[PDB]
Every structure is written in C-alpha cells, then in structure tokens.
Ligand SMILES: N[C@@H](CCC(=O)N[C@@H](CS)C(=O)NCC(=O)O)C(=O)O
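Take a look at this one chain, the form solved without glutathione, written out in structure tokens.
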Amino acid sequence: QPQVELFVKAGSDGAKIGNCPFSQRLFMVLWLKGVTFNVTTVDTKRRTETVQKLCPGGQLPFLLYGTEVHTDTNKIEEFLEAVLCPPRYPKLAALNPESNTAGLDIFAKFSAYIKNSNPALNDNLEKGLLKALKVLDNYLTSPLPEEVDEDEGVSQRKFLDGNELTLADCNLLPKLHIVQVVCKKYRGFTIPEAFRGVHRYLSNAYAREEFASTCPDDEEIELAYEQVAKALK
C-alpha cells in the first residue's frame, strides 16, 4: 500500500539493469511478494539529485518503503518478508534451515577461480568450484522432510526448499546465473551434466519469469567480469 521503489545499479549504458546479484535477489523477492513496486536504475557515476537526497551514503541496492530508506540487502529482504505478510502476500521464507545454506560458498569459489591469474592454481580452483556445485547437487537430490518415504532416495522437487521459490532461491539463483554466464565465456567451463540435481534446478528456474525476467543481459554480466576474467593468460 505504501509505495515500494527498489534502487539498483545501472549497467554499461548508465540506464539498463546492471550486473548485481543483490539487486536481482530483491527484484525476485518483490516479484514473488505480488506487491506493486517500481525499479529505478542508478548510474553511480551520474547520480540524480533525487538519489543523493534519498541515500547520501551511496549504498546500492536500497529500498524506499513509503518514506523510509532501507540499506543492506539482507536487512532489506528481512524487512520485506516481515511486513508483506499473509494473507495479502505469501510467506517466502524456506521451512528447512539448510535451504538457506546449500551452495552458499559457490559464489566465493567462483570469484577466486575467475579472478585467479596464476596458471598453476587454475585446476585447484576449478576442482573447488566443482566440489561446491556438487555439495549443492547433493542437497537438491537429498529428499526433504516433506518427501518422507514418498530413483529410490532421490528428490525430484523443483527448488531448494520444495516446489515453490523461497528467499533461499532469491539469493542463490542470481549468483548461479553469473557463474554459468562468466565461466562459459571466459573459462570454457560448464556445470557438468552429471550434476542432474543442479541442471533440473536451473531448468525450473529459467522457466519461471521471476528469475528469467530479472536477469541482466548476458552482455552486461560478461562486461562486468571482462577485466578480472581475462587476467588469466
């Protein structure tokens, strides 16, 4: 009911949505809440008077909820999940605490792999990324408490916590998107088909407009990584 406006980082043209997994995460949350909201891209190099008055500190993303400004993605998400409550808006929080931690090291192992310029560490950092993807794949093929005794021993649910998207998917999918896009372009690296749980996860995720329509363009994600990703000769 109070106006909800999400301020995200602008891409290469200073206008369109830029590479930012925290901006896409909140976008996915506001989408799954069913609330009315706008998104305003911010070019950090050419900040409008409006933005400098609203958020003098410069933090992005930030949220205007009515007249109050919220900073820090995790705090913004906690705020949105508490205030947009049933029956008008769905609870998005996962039931199973492990849904919130599965694959949460993937992004850090990716960052080390893609920022690495030492040819001698490429293999090691690849195995590190593969291992973390594997831990996720185990979680995704582990049956959840709701699947209790119902391909014996294998989960076939769609997302981290069940067949509905949760806050947990909102945090992980934007990061997994970047990993896929950036490793294809710059390392000829691809999530092995053997990780059947992870490929089923992503196929369900790309099918849902909440993920697919909140993704920045491949071209933006690749430009954001070109400097660090090419340092590896």
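Note that residue numbering follows the sequence shown and begins at 1.
**Q** Neighbours in the displayed sequence, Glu150 and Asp151 may still hide a gap; how many deposited residues lack coordinates there, none, 1 to 3, 4 to 9, or 10 or more?
**A** Some 4 to 9 residues are missing between them.
**Q** Quick check on the record: does 43-51 or 66-74 carry the larger mean Cα temperature factor?
**A** In the deposited entry, the stretch with the higher C-alpha B-factor mean is 43-51.
**Q** Decide which of the stretches 141-149 and 75-83 has the higher mean C-alpha B-factor, going by the entry.
**A** Higher mean C-alpha B-factor: 141-149.
**Q** Highest CA temperature factor in the entry: which of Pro61, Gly34, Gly57, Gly188?
**A** Comparing C-alpha B-factors across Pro61, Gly34, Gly57, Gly188, the maximum falls on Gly57.
**Q** Check where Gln24 lands among this chain's C-alpha B-factors and tell me if it's the lowest, middle or highest third.
**A** Within its chain, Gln24 is a lowest-third residue by C-alpha B-factor, going by the deposited values.
**Q** What third of the chain, by the recorded C-alpha B-factor, contains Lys175?
**A** Ranked within chain, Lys175 CA B lands in the lowest tercile.
**Q** Looking at the C-alpha B-factor of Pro216, is it in the lowest, middle or highest third of its chain?
**A** Its C-alpha B-factor, which the entry lists for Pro216, ranks in the lowest third among residues of this chain.
**Q** Mind checking which third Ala229 falls in for C-alpha B-factor across the chain?
**A** Top third by C-alpha B-factor.
**Q** Should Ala102 be placed in the lowest, middle or highest third of its chain by the C-alpha B factor in the entry?
**A** According to the entry, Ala102 has a C-alpha B-factor in the chain's middle third.
Omitted here: the form solved in complex with glutathione. The next part is about that form.
**Q** Report open or blocked for the site once glutathione, placed as found in the deposited complex, has been superimposed by the C-alphas surrounding the pocket (blocked: 3 or more ligand atoms within 2.4 Å of a backbone or C-beta atom; open: none).
**A** The pocket is open.
**Q** Answer with one of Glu81, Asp72, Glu98, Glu146: the residue that has a non-hydrogen atom within 4.5 Å of glutathione in the deposited complex.
**A** The residue from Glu81, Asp72, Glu98, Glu146 that makes the contact is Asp72.
**Q** Given that glutathione is left out here, which of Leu64, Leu60, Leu167, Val182 has a heavy atom within 4.5 Å of it in the deposited complex?
**A** If I apply the 4.5 Å criterion carefully, the residue I get is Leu60.
**Q** At 4.5 Å between heavy atoms, is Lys16 in contact with glutathione in the deposited complex?
**A** Looking in the deposited complex, residue contacts with glutathione do not include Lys16, since no heavy atom lies within 4.5 Å.
**Q** Taking the shortest heavy atom distance, is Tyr225 within 4.5 Å of glutathione in the deposited complex?
**A** Although glutathione is absent here, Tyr225 would stay clear of it in the deposited complex, with no heavy atoms inside 4.5 Å.
**Q** Give a yes/no on whether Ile221 approaches glutathione to within 4.5 Å in the deposited complex, heavy atoms considered.
**A** Taking the distances in the deposited complex, the answer for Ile221 is no, it never comes within 4.5 Å of glutathione.
**Q** Okay, which stretch from 167-175, 35-43, 49-57, 22-30 lines glutathione in the deposited complex, with non-hydrogen atoms inside 4.5 Å?
**A** Among the listed stretches, the partner-contacting one is 22-30.
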